[PDB]
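We've got the same protein chain twice here, in two forms, each standing alone as structure tokens: structure 1 and structure 2.
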Structure 1
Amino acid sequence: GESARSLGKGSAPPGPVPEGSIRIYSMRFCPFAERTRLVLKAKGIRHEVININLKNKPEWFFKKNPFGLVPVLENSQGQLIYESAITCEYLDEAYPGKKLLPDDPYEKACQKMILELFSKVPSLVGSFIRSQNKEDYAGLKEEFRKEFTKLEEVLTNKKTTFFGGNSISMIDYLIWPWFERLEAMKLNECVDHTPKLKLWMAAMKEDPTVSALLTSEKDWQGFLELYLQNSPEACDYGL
């Protein structure tokens, strides 16, 4: 729908969040905000979405988050929560349904330590934007392969389908958005020496939550070409 169109500079500040719902301030192609949206879907949390034009931001958005970044949660009480991992943790704790983080303190620390193993991967997206030719591409693929070997080791040791066990859990949703984008970045071959990680991607794409939120390669390319041309229209690609 046009209902998903972003609010940008000059938009009216939105009204209060209705009792019984939580609001996410998101952007449809942002992988950090996708984390929060995977959790909202996986736990069956009633919510509304406000997309932000990250090239043409409303000044009122800095009242939601002084950093000016998505995702942000806002509840009916007016409380604001930001930073992707903090939003996810908050939702798992505040709402009923599937516990995505273990109750056991050690197993919960393990999920966070895996998140730490992953922590170099997002900054590699800036690396991808600065890659201009085949030489830069070869070096970019090597950087992805050395982070991916760290994740392969965890699956080798656990011999589980997923990073937190045989059931999908929080850590899987927290890293998935970057794996979702590998095909579109032409980095799919970075998982070819990481066989368990490659099977984990196939298992993720079968998860009902993942499948319900997955964006096509054509849609992510439309976004990236406008985001790279510096277009105020990038966030609204397709609408």
Structure 2
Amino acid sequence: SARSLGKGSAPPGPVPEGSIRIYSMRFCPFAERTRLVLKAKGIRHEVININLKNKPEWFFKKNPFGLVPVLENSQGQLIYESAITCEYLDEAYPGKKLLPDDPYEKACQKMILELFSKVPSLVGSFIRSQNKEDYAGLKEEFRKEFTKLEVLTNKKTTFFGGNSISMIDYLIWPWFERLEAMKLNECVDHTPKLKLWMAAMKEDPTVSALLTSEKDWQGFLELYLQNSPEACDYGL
């Protein structure tokens, strides 16, 4: 019963000792960031999915912005903005550190994130565009932005922060996952490193574990395009 909560739903009880809770939506790439970090760190947690068309009134008490993801810990603290939530999880929980100890590498990873920053909007505006015109230009935009990542980051290692997967990879992944799902892999045909990086990413056990199937993505997508409240719950 991972079915989303909507208007009229009971405000949830307090997050139990030993857990953290994520307010999420199954097809939200921003929330995927958080879930990737949760999984990679082996963090014990609860998921509550939020129906984004039919939002529970109590949800604006969780995040004044009314967006997912939001973390709520067992001390009743609330954290929103996907990047903030990922950084918090890495700092507050034991195990493999996803952010490097070194201040420059940390900074460089945030600089990479900033290079990637145009992509999410391009992806949303693609899904939500129906004119032959806007496809052509959006494609050009994809090319431009992907070369930025390819050329400006000057990756020499398998992943964006070095030889092992780390925060920066998990931060950008969801939109590359979506790119594939949208059959847009050819947008990275001119960017050899980025292209290889995608293949390496899919071999990662955490990335692998959180991939959404073609079936489920398409199911969400259909209902999303019909502006249906049931889109969030596709595939059950």
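The term rigid core refers to the most C-alpha atoms you can superpose between the two forms while keeping them within 1.5 Å. Residue 1 is the first residue of structure 1, and the numbers go on in sequence order from there.
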item	value
From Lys108, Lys98, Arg145, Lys158, residue displaced between structure 1 and structure 2 - CA threshold 2 Å or more, rigid core	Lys158
Rigid core superposition, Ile129 Cα moves 2 angstroms or more between structure 1 and structure 2	yes
C-alpha positional change at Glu225 between structure 1 and structure 2 - rigid core reference, Å	1.4
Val191: CA movement between structure 1 and structure 2 [superposed on rigid core, Å]	0.5
